[PDB]
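Input: a single structure, listed below in structure tokens.
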Amino acid sequence: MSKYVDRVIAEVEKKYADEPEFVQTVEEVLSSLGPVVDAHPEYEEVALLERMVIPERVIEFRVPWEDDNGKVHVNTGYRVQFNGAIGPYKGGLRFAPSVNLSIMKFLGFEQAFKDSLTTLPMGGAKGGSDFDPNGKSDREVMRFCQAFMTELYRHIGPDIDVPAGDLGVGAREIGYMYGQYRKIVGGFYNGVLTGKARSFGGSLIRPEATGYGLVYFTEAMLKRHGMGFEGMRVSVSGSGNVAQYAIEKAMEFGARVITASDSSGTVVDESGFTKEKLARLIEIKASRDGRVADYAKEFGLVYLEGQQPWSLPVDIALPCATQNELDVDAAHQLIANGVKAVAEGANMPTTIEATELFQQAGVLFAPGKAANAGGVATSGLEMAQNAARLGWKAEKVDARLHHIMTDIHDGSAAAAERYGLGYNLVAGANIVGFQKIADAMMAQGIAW
Amino acid sequence: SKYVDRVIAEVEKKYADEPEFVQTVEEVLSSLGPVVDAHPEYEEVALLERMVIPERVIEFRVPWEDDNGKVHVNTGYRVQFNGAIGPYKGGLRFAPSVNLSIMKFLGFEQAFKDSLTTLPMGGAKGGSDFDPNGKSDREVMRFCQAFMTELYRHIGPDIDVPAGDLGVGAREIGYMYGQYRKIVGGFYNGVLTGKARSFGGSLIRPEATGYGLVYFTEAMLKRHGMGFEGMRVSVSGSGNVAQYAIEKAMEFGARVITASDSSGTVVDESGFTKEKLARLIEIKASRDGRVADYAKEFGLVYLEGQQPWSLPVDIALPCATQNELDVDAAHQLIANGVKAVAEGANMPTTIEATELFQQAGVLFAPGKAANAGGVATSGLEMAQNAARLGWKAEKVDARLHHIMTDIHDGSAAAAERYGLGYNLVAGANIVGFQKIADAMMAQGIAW
Amino acid sequence: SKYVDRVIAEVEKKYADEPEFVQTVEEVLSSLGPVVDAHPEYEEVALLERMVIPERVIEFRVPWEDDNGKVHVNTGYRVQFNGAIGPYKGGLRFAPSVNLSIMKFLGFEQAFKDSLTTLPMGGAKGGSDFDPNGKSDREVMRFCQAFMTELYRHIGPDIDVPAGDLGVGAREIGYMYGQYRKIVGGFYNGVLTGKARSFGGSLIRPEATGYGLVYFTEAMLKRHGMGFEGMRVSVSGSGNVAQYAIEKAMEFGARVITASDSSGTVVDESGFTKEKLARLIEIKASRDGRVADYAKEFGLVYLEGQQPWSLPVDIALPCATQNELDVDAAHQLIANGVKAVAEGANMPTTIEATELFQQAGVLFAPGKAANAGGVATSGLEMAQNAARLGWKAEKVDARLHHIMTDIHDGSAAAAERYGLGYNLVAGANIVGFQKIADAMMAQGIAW
Amino acid sequence: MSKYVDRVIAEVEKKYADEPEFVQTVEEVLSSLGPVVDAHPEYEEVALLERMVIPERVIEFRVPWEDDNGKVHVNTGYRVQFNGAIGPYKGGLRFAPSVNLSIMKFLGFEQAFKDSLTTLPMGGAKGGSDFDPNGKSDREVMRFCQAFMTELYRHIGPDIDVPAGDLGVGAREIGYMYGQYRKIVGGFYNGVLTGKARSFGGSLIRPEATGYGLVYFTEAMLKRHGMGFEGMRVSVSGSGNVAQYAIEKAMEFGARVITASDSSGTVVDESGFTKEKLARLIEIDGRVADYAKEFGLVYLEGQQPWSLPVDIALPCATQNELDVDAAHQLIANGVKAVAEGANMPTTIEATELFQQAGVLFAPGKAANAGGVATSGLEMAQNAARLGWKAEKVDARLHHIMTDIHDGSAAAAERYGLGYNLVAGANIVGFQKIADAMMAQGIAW
């Protein structure tokens, strides 16, 4: 019951009042699951929701370290192992001074479901430190990592906990942490972390992953309704990681990607992007202050200061820039111009009010939580070193990523079709994400 | 073998209190006499004397609380019989009968069957004298939890992977894996097979034995130029084995014209169809759901207490129980011109009826090899958990198939090598023993 | 000390939502200003900034099952605060009010009582928001098991050694130990303290606090002329602390004249005898017999609804609860010229009572150091367990005596010293802190 | 070249004076990395080299044992865990009375680069004992092996360090060792070892591996240059493991192999080898001249096969078996490519002339790494946990050899050496290790 759901949300808001960021995330997540909790009288008989909201295991640890001048600092370290029903705990590490339990708990709670979402066996967890990488030297971050990892190693492993990057943790940090890991444990065990370099491998397709996968996912949404990217007008916002590779894949399915935006303006390319065009576009978005305004003028294209792409007549709309970048009166123009599909590349670009609108009437709509997910999936593909094999030549990793995206779509639809709907992919994606944990947790008994 | 004879005797005297074990030793060794004969090195390293003593046996007290808060006491068992070719493997059994003797005979056999499949599984059996009979879902949970609190230390993905058996299904697994993951603090889902899909169970698990039986007989058939296409098939039993034999049988072109419960046989002669079989599954899926109900619903014959061996068929797939096919049925099938019989249930044909199935030269597939798609796929489960991927239903099935054809090809036809003609029984049995003898020798005298 | 003030301030900001802990770092850190000033080295290696963050904090889920089948879930805590001078030590609290703030404040202070003892014990505190109140004998069991099923992987005789507190008694510790033994498969009975005699508990444990109190005040009393010999003593409470303070004072020729419960004080002008105590212990352990029945049975004086503080005496030992010897009552004592007050109970002296008590110049042994009987003999338990045999009461009692004495001495000794003359508060604080600081200085960064 | 390299080489010549073999290897390795170390000033900043030349971990241990007569002997065992950045420690074990730390360290050091050179995630290490298996009974090797593993088991494992075979150690000892390993650790964990019997984890194509890869590699080389084995006349020296299967694979690529040799002499079949001719030879006890008679084929005593005009030359016999004068005839006669099945069959003078034609040359370091690649394949199978058909292993071995070629050719290319396989083979071996040590920081 949402009687059940509502009452848990209550206790949490009281009990964890001083952990705000986590309280909203519990609320924002458990209130989508009403109907599903409804279908399953048995959940509350075994106190499922109550158990799900308390992490399995939480670790906090002192992290003393020394700067390049020999001053000794001390930060707190965190690894919240939220849920391990459907795999080893998985989730990134975040080194940022805001980092606290509440934040690690909310990130962790979410990671659980996004992990289940992928269909690969991955748990839910987050971790990090108030350590602030800002203006730290390499050596200093190296040493911070070493200390961090000196305590963390005992709680993780290829079969226990596989952490990754995030805010302030990248392949550089990952490699230092690993360096220390194997120094201590005494063997290879490269599965203990994802995000690694290709040398101790380290998966190909990882930078591609998130954007490649947005296109893969929407090709499937397009499949169920006898459409495809093939010769369709695609408009894209953003110009970072997702967008670069959104465009790349989009243009292998033979679409005509006509836009790319940044913080300032939008580029419009009637003929659509090509390999040479896009490549140069990257070179400029890697040379701050290289602006998309320059790409336009260098190539002789119309640019649009202060404007988003959404006023463009397109078949497919792919927002991969920022949150809330696509508002009610942007979907009004998009729909009016005959938008067929809209899919989320960034993190929650479409506003709630513009998701209604697209959803009824017409318009497909891929939710980012499922649609972006490529990166989250290929972390699971990095594990597949358990295979102890020469990564995969990238075609082999792309193929898998392609199939995986297809399945997150397939089962995301099936989830709704299941609980009285049909192509609400939003409720995808919620359910399925929760269903998999749920079922595992029911099967495993009253232990965790 | 005067050697084989001697071991058998020694075991008879030493384990007299262990009849089922003693029995399964003579029953198996007596068959390896030609093999042992050709390998005079075996006696030198006391091979047989080693193989019949299990590497390791663990027994343990299992205290638990029922729903009334009353304390009970059972006994857990895990007999890790032979770990030479893979990590110990074999199922768990909860039944009041259970003791060392039973645990050991199932375990010894497990070794050979696991070896047969050509996947790197060893051989072990386990369980408790706990009795799932009229215990609450929850009672069974507490017992599985108490069971695993001791057992976890002896088993593992690389060490000993148990599974389901009499008394133990995905419900019992799952409760067990859960207590296990809670104690060790890891995922390591490769510790158990027969799991639910959500934490690493395999697709094709439900359908494994059935399918595999069809894959195997097809292999037996196609080596005698025949096949399932357009052939008349009869199936006894209406459980999971029978269900998926039929599903595979018709996928191959076959026409399947029977099924049964301990109530009676049902005849269709237009053959089952996907649509037709789907309902039987539902009906026979509890409760009181009977075969006649399936027959009525489709206006098909229902032989009240008889079994399907009367009907003339090209191929016969017994999937009911032990001894369900004696000399009576044997002559009938031979008379009516049966081309092949193949066991999906546990040794369903009597020894006497394996006859002289010699006559008419009837193609014969022993359960030992033929009903082994379940155990072969537990390997496939083990392998997927190792890859930390899930394989599609297609993938798992394509490899269950390739396996089964191999269980046939080399496990029957050598045989052959030792000149027993075309004797799948003895020729796939030697194949099981050989892989273990091979590896044990290589590994010297430690175990 | 500015450094101590900067750390304090920084702490108030970062852990504002953790009041108890902020207040406790404040209380404790602001009394070592001198020590820190005598040691610039500490700031060079950020000793204070390190000491306030526990080395390792564990939270875990604890699902458990009601006597009638419904699932509850609580949260489990273990704060391993400091392990420089030994294995994490510190009890476990089971109480609905528990949280990290509380576990942190208790842990932090436990590092110091612990160090204070001179035994190799580090500091930690733990428990659950579980509430034992209204929970059956067998629900506590099932909970303890679920609790330990996680906790075991973080503790052990050489790592972290929990004990009791609020909601954790010999009962709860036995259940926890039981589960530990079953999970890890050995004895390792040094993993907990507060154990029953049968599996490694310690003789002298029940008497630890009250015996220790007496021992401590004696050393205090000698460095200032006198001793319990022939002195008049007032004790409050009828507990293990009370009873055994009376017991040990009598062995020092003292004349102990009071004892109380929630319903008043008993006055015995002739003093407690060894027979008189025995018969009071019998009673006050037998709900619902009370202090009164002890009086009416011996024709002693009974002051209903009041405390032994108006009673003229040389020596007052408050052994009941917190803030039980307050402001206006602190005067009577002083009026009647009490020479020395020593607290066996937990912070029974109001921050006013300790005006101060000198002012007056009256000897004062703060509970921090004086009631460390139990904390010390728990170290003795760990000890005997490691030795694999059980010391006689005489022997534990002896070791407890030299320890307490060593506690006084070091607390006065390096504790002056430093300036402040004979201040047993502060002293107790500086020696605690000192040992840890030295050990942590010796082993570098990190921890 | 560079001064950073010369310095370290000097430092090592000094400290490990009594470890001649080691020192030879280090100077022989670091000498050829001049351009790489030059192009990376970040190495020296964090003291690469100086680290790399010290083995991460070294284990030595007493190995007491009893012979068939009750006599206690006592030998010394070694496991040098040289480098572990790119995979778990990996390398064979040697049983020979010559064995010491100097040898172990040298073999181990090269091993780490041969492994990296392989693209598979395998580290570097060598191991063994001064035990001498000659004139020892089966049972004495078994009991020694057990004594050996009773100590060694604690330092290795599927994830940690995975030994294999070498001089003194074949499947027989690998089994005895694994036997004791599992008796002690009490799980399966095959993959602790390689060179196993197929019955408890071994791989198919293992016997084939070296020789196949030799052919796969050079055929990659040839494609890059618009050629292939198909149509060509090919000469082989030696007639053992590598020799045999080099001919089998070559034959399958449609090439006419027209020679075979041994410590004695050569056979000349200008009509070419056939599946069946290659069948007889193999002979054991009995030499090549015999197979020449049994087939009426022209035999030549004492002399090598290099005087025959061929399109490809495949030395698979010994060290320094291609001298200069030989290399001169070869070139004179039209040789288009030469490649090394053996260990260093070509001298630097003869390698020099070849690359100074005209002539495509595949360094044995890359070209004979078939068995090292397929031993990493065996680890992969054991992880999987299934066997792969002989055809599957081969397909994968085929691709890996091509990668080895591409990666090598690409590395010489990056550094402007423009298709010198010899130099690239040295560089990608160092490069991968270096990249990973750089990313893992200062810990090892």
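Naming scheme: A, B, ... for chains in displayed order of the structure tokens; residues 1 onward per chain; ligands 1 onward as shown.
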Report task. Counting only C-alpha atoms, collect the residues of chain D whose closest atom lies at most 7 Å from chain B, and write them out as a count of residues only. Result -> 18
Report task. Tell me which protein, DNA and RNA residues are within 6 Å of segment 416-433 of chain A, counting only C-alpha atoms, leaving out same-chain ones fewer than 4 positions away, and put them as a PyMOL selection string. Result -> chain A and resi 113+116-117+367+412
Could you produce a table of the residues of chain C lying within 10 Å of chain A, with the nearest pair of atoms per residue and their separation in Å rounded to one decimal, using only C-alpha atoms, ordered by chain and increasing residue number, as CSV?
residue,atom,partner,partner_atom,distance
C:17,CA,A:18,CA,7.1
C:18,CA,A:18,CA,9.8
C:43,CA,A:72,CA,9.1
C:44,CA,A:71,CA,7.1
C:45,CA,A:72,CA,5.4
C:46,CA,A:72,CA,5.9
C:47,CA,A:72,CA,9.1
C:49,CA,A:74,CA,6.8
C:50,CA,A:74,CA,6.3
C:51,CA,A:62,CA,9.2
C:52,CA,A:62,CA,9.2
C:53,CA,A:62,CA,5.8
C:54,CA,A:62,CA,6.2
C:55,CA,A:62,CA,4.8
C:56,CA,A:61,CA,4.4
C:57,CA,A:60,CA,4.7
C:58,CA,A:59,CA,5.0
C:59,CA,A:58,CA,4.7
C:60,CA,A:57,CA,4.4
C:61,CA,A:56,CA,5.0
C:62,CA,A:448,CA,7.2
C:63,CA,A:447,CA,6.3
C:64,CA,A:446,CA,7.4
C:65,CA,A:446,CA,8.2
C:69,CA,A:46,CA,9.1
C:70,CA,A:46,CA,6.9
C:71,CA,A:46,CA,5.5
C:72,CA,A:47,CA,7.0
C:73,CA,A:51,CA,6.3
C:74,CA,A:54,CA,8.6
C:75,CA,A:54,CA,7.5
C:76,CA,A:57,CA,9.2
C:77,CA,A:58,CA,9.4
C:78,CA,A:59,CA,10.0
C:79,CA,A:60,CA,9.1
C:80,CA,A:61,CA,9.3
C:81,CA,A:62,CA,9.5
C:146,CA,A:447,CA,7.5
C:149,CA,A:447,CA,9.1
C:150,CA,A:57,CA,8.8
C:444,CA,A:64,CA,9.9
C:445,CA,A:64,CA,6.3
C:446,CA,A:64,CA,5.3
C:447,CA,A:64,CA,6.3
Export N, CA and C atoms of the chosen residues as a compact mmCIF listing (two decimals), in the first residue's frame?
# COMPACT_ATOMS: atom_id res chain seq x y z
N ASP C 17 25.49 19.06 14.56
CA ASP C 17 24.32 18.18 14.68
C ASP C 17 24.58 17.00 15.60
N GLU C 18 25.83 16.86 16.03
CA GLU C 18 26.26 15.85 17.01
C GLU C 18 26.58 16.51 18.35
N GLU C 43 51.11 19.67 17.71
CA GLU C 43 50.50 20.42 16.62
C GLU C 43 51.21 20.18 15.29
N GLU C 44 52.50 19.87 15.34
CA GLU C 44 53.25 19.68 14.11
C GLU C 44 52.77 18.48 13.31
N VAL C 45 52.13 17.55 14.01
CA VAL C 45 51.67 16.31 13.41
C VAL C 45 50.15 16.16 13.54
N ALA C 46 49.47 17.28 13.82
CA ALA C 46 48.01 17.34 13.94
C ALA C 46 47.37 16.30 14.87
N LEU C 47 47.91 16.19 16.08
CA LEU C 47 47.52 15.14 17.01
C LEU C 47 46.09 15.28 17.47
N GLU C 49 43.65 17.08 15.92
CA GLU C 49 42.79 16.97 14.76
C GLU C 49 42.60 15.50 14.38
N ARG C 50 43.60 14.67 14.69
CA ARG C 50 43.47 13.23 14.49
C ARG C 50 42.66 12.56 15.62
N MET C 51 43.04 12.79 16.86
CA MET C 51 42.37 12.20 18.01
C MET C 51 40.84 12.35 18.09
N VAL C 52 40.26 13.28 17.34
CA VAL C 52 38.83 13.59 17.52
C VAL C 52 37.96 12.87 16.49
N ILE C 53 38.60 12.45 15.40
CA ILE C 53 37.98 11.59 14.40
C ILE C 53 38.26 10.12 14.74
N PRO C 54 37.21 9.31 14.92
CA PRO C 54 37.53 7.95 15.34
C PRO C 54 38.22 7.26 14.17
N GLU C 55 39.14 6.34 14.45
CA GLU C 55 39.86 5.62 13.40
C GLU C 55 38.92 4.98 12.39
N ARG C 56 37.88 4.33 12.91
CA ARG C 56 36.97 3.54 12.11
C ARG C 56 35.61 3.50 12.79
N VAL C 57 34.57 3.84 12.03
CA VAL C 57 33.19 3.82 12.50
C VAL C 57 32.37 2.84 11.66
N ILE C 58 31.70 1.88 12.31
CA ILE C 58 30.80 0.97 11.59
C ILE C 58 29.31 1.08 11.95
N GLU C 59 28.50 1.28 10.92
CA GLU C 59 27.05 1.17 11.04
C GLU C 59 26.55 -0.02 10.22
N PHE C 60 25.58 -0.74 10.76
CA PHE C 60 25.00 -1.83 10.01
C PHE C 60 23.52 -2.04 10.26
N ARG C 61 22.86 -2.68 9.31
CA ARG C 61 21.45 -3.00 9.45
C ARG C 61 21.30 -4.22 10.33
N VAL C 62 20.27 -4.23 11.16
CA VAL C 62 19.96 -5.41 11.96
C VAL C 62 18.49 -5.80 11.88
N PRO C 63 18.12 -6.51 10.81
CA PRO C 63 16.79 -7.12 10.72
C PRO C 63 16.67 -8.22 11.77
N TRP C 64 15.56 -8.24 12.50
CA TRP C 64 15.30 -9.34 13.42
C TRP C 64 13.81 -9.70 13.50
N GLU C 65 13.53 -10.85 14.09
CA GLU C 65 12.20 -11.43 14.10
C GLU C 65 11.60 -11.59 15.51
N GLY C 69 6.52 -13.19 15.00
CA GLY C 69 6.73 -13.37 13.58
C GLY C 69 6.89 -12.14 12.72
N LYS C 70 6.77 -10.95 13.31
CA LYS C 70 6.93 -9.76 12.49
C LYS C 70 8.38 -9.29 12.50
N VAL C 71 8.82 -8.76 11.36
CA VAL C 71 10.19 -8.28 11.20
C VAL C 71 10.37 -6.87 11.78
N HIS C 72 11.40 -6.69 12.59
CA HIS C 72 11.81 -5.36 13.01
C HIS C 72 13.16 -5.16 12.41
N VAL C 73 13.52 -3.90 12.19
CA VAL C 73 14.89 -3.57 11.82
C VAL C 73 15.41 -2.43 12.69
N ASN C 74 16.59 -2.62 13.27
CA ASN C 74 17.27 -1.58 14.02
C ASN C 74 18.60 -1.25 13.36
N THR C 75 19.31 -0.25 13.89
CA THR C 75 20.62 0.08 13.38
C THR C 75 21.70 -0.31 14.39
N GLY C 76 22.82 -0.82 13.89
CA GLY C 76 23.90 -1.25 14.76
C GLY C 76 25.12 -0.37 14.62
N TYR C 77 25.79 -0.14 15.75
CA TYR C 77 26.91 0.79 15.78
C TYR C 77 28.10 0.16 16.44
N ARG C 78 29.27 0.41 15.87
CA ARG C 78 30.51 0.22 16.61
C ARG C 78 31.47 1.29 16.17
N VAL C 79 31.81 2.17 17.12
CA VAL C 79 32.78 3.25 16.94
C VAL C 79 34.13 2.87 17.53
N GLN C 80 35.07 2.49 16.66
CA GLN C 80 36.43 2.19 17.11
C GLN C 80 37.24 3.49 17.10
N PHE C 81 37.37 4.10 18.28
CA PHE C 81 37.88 5.46 18.40
C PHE C 81 39.41 5.55 18.47
N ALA C 146 21.50 -11.57 15.40
CA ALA C 146 21.54 -10.79 14.16
C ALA C 146 22.58 -9.69 14.26
N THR C 149 26.05 -11.13 13.91
CA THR C 149 26.25 -11.81 12.65
C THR C 149 26.98 -10.86 11.73
N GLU C 150 26.83 -9.56 11.98
CA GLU C 150 27.65 -8.58 11.27
C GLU C 150 28.90 -8.18 12.06
N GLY C 444 53.60 7.34 14.41
CA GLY C 444 53.59 8.17 13.23
C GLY C 444 52.23 8.50 12.66
N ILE C 445 52.20 8.64 11.34
CA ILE C 445 51.01 8.99 10.57
C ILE C 445 50.97 8.01 9.41
N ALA C 446 49.84 7.36 9.14
CA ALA C 446 48.64 7.32 9.96
C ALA C 446 48.80 6.02 10.71
N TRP C 447 47.87 5.70 11.61
CA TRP C 447 46.77 6.56 12.00
C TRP C 447 47.23 7.95 12.46
Find the residues of chain A that sit at most 10 Å from chain D; for each, write down the nearest two atoms and how far apart they are in Å, to one decimal. Count only C-alpha atoms. Sort by chain, then by number going up, and give it as a Markdown table.
| residue | atom | partner | partner_atom | distance |
| --- | --- | --- | --- | --- |
| A:138 | CA | D:441 | CA | 9.9 |
| A:139 | CA | D:441 | CA | 8.8 |
| A:142 | CA | D:441 | CA | 7.0 |
| A:143 | CA | D:442 | CA | 9.0 |
| A:146 | CA | D:443 | CA | 8.5 |
| A:171 | CA | D:439 | CA | 8.5 |
| A:172 | CA | D:439 | CA | 6.7 |
| A:173 | CA | D:439 | CA | 8.8 |
| A:174 | CA | D:440 | CA | 8.4 |
| A:175 | CA | D:440 | CA | 4.8 |
| A:176 | CA | D:440 | CA | 4.7 |
| A:177 | CA | D:440 | CA | 7.4 |
| A:178 | CA | D:440 | CA | 6.2 |
| A:179 | CA | D:440 | CA | 3.8 |
| A:180 | CA | D:443 | CA | 6.0 |
| A:181 | CA | D:443 | CA | 9.3 |
| A:182 | CA | D:84 | CA | 8.6 |
| A:183 | CA | D:443 | CA | 6.3 |
| A:184 | CA | D:443 | CA | 9.2 |
| A:185 | CA | D:160 | CA | 9.5 |
| A:186 | CA | D:160 | CA | 6.9 |
| A:187 | CA | D:160 | CA | 4.1 |
| A:188 | CA | D:88 | CA | 4.7 |
| A:189 | CA | D:159 | CA | 6.2 |
| A:190 | CA | D:87 | CA | 8.0 |
| A:196 | CA | D:439 | CA | 9.0 |
| A:197 | CA | D:439 | CA | 7.8 |
| A:198 | CA | D:436 | CA | 8.6 |
| A:199 | CA | D:436 | CA | 5.4 |
| A:200 | CA | D:86 | CA | 4.6 |
| A:201 | CA | D:121 | CA | 7.9 |
| A:384 | CA | D:384 | CA | 10.0 |
| A:385 | CA | D:121 | CA | 9.1 |
| A:386 | CA | D:383 | CA | 6.8 |
| A:387 | CA | D:380 | CA | 5.8 |
| A:388 | CA | D:380 | CA | 5.3 |
| A:389 | CA | D:380 | CA | 6.3 |
| A:390 | CA | D:120 | CA | 5.1 |
| A:391 | CA | D:120 | CA | 8.7 |
**Report entry** alpha helix (DSSP H) positions in segment 238-276 of chain C, given as a ChimeraX atom specification
**Finding:** /C:240-250,274-276
Who sits within 12 Å of residue 37 of chain D, only C-alpha atoms, same chain under 2 positions skipped, as a compact mmCIF listing (two decimals) with N, CA and C atoms, in the first residue's frame:
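See part21.txt below for the written result:
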# COMPACT_ATOMS: atom_id res chain seq x y z
N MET D 1 69.27 6.75 -27.47
CA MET D 1 69.96 6.47 -26.20
C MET D 1 69.74 7.59 -25.17
N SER D 2 70.23 7.39 -23.94
CA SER D 2 70.13 8.40 -22.89
C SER D 2 71.05 8.14 -21.70
N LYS D 3 71.26 9.19 -20.90
CA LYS D 3 72.18 9.16 -19.76
C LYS D 3 71.51 8.57 -18.54
N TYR D 4 70.19 8.68 -18.49
CA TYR D 4 69.40 8.08 -17.42
C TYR D 4 69.54 6.56 -17.46
N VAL D 5 69.48 6.01 -18.67
CA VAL D 5 69.62 4.57 -18.87
C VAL D 5 71.04 4.09 -18.57
N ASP D 6 72.03 4.83 -19.08
CA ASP D 6 73.43 4.49 -18.87
C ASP D 6 73.79 4.52 -17.39
N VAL D 8 71.71 4.02 -14.75
CA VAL D 8 71.13 2.89 -14.04
C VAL D 8 71.88 1.63 -14.41
N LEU D 30 67.64 -2.40 -21.04
CA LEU D 30 67.59 -0.95 -20.96
C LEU D 30 68.33 -0.23 -22.08
N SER D 31 69.38 -0.86 -22.61
CA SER D 31 70.13 -0.26 -23.72
C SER D 31 69.23 0.16 -24.88
N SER D 32 68.21 -0.65 -25.18
CA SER D 32 67.39 -0.46 -26.37
C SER D 32 66.16 0.42 -26.12
N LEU D 33 66.08 1.03 -24.95
CA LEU D 33 64.92 1.85 -24.58
C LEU D 33 65.25 3.33 -24.53
N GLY D 34 66.38 3.70 -25.13
CA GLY D 34 66.85 5.07 -25.14
C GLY D 34 65.81 6.10 -25.53
N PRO D 35 65.22 5.95 -26.72
CA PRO D 35 64.23 6.90 -27.24
C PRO D 35 62.97 6.98 -26.37
N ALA D 39 61.83 10.33 -24.32
CA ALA D 39 60.55 10.95 -24.61
C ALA D 39 59.65 11.03 -23.38
N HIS D 40 60.13 10.47 -22.27
CA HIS D 40 59.39 10.48 -21.01
C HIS D 40 60.29 10.95 -19.87
N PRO D 41 60.36 12.27 -19.65
CA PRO D 41 61.16 12.76 -18.53
C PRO D 41 60.47 12.47 -17.21
N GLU D 42 59.20 12.07 -17.25
CA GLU D 42 58.46 11.80 -16.03
C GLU D 42 58.89 10.50 -15.32
N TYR D 43 59.47 9.56 -16.07
CA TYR D 43 59.97 8.32 -15.50
C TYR D 43 60.99 8.58 -14.40
N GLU D 44 62.07 9.24 -14.79
CA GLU D 44 63.18 9.51 -13.90
C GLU D 44 62.75 10.33 -12.69
N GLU D 45 61.76 11.19 -12.88
CA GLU D 45 61.23 12.06 -11.82
C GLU D 45 60.76 11.23 -10.63
N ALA D 47 61.59 7.89 -10.52
CA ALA D 47 62.49 6.75 -10.46
C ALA D 47 61.86 5.46 -10.95
N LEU D 48 61.35 5.46 -12.17
CA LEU D 48 61.10 4.21 -12.86
C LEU D 48 62.45 3.50 -12.85
N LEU D 49 62.72 2.69 -13.87
CA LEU D 49 64.01 2.00 -14.00
C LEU D 49 64.60 1.49 -12.67
N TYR D 415 57.74 6.12 -32.29
CA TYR D 415 59.06 6.63 -31.93
C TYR D 415 59.95 6.85 -33.15
N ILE D 427 59.73 -2.12 -27.09
CA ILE D 427 59.05 -0.93 -26.60
C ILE D 427 57.65 -1.17 -26.01
N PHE D 430 57.87 -2.69 -22.74
CA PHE D 430 58.19 -1.73 -21.70
C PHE D 430 57.05 -0.74 -21.51
N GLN D 431 56.46 -0.34 -22.62
CA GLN D 431 55.48 0.73 -22.60
C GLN D 431 54.30 0.43 -21.68
N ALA D 434 55.30 0.22 -18.13
CA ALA D 434 55.60 1.60 -17.72
C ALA D 434 54.34 2.42 -17.50
Query raised in the report: What are the residues of chain B that have an atom within 9 Å of an atom of chain C, counting only C-alpha atoms, as an NGL selection string?
Result: :B and (67-69 or 138 or 149-150 or 153 or 182-185)
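The nearest approach to residue 270 of chain D among the residues D:326, D:282, D:257, D:169, with only C-alpha atoms taken into account, belongs to D:257.
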Query - Residues near segment 5-7 of chain C, cut-off 12 Å, only C-alpha atoms, skip fewer than 4 positions along chain, as a list in words - result: residues 1, 11, 12, 13, 14, 15, 22, 25, 26, 27, 28, 29, 30, 31, 32, 33, 36, 37, 43, 46, 47, 48, 49, 50, 51, 52 and 53 of chain C
Query - Close residues, residue 1 of chain A itself excluded, 10 Å, only C-alpha atoms, min 4 positions apart in chain, as a PyMOL selection string - result: chain A and resi 5-7+33-41+43-44
Query raised in the report: So which residues of segment 118-197 of chain A fall under strand (DSSP E or B) by DSSP, listed as JSON, numbers by chain?
Result: {"A": [124, 125, 126, 127, 128, 129, 157, 161, 162, 163, 164, 166, 169]}
Query - Residue neighbourhood residue 95 of chain D, 8 Å, only C-alpha atoms, exclusion window fewer than 2 positions, as a VMD selection string - result: chain D and resid 93 97 99 128 to 133 166 to 169
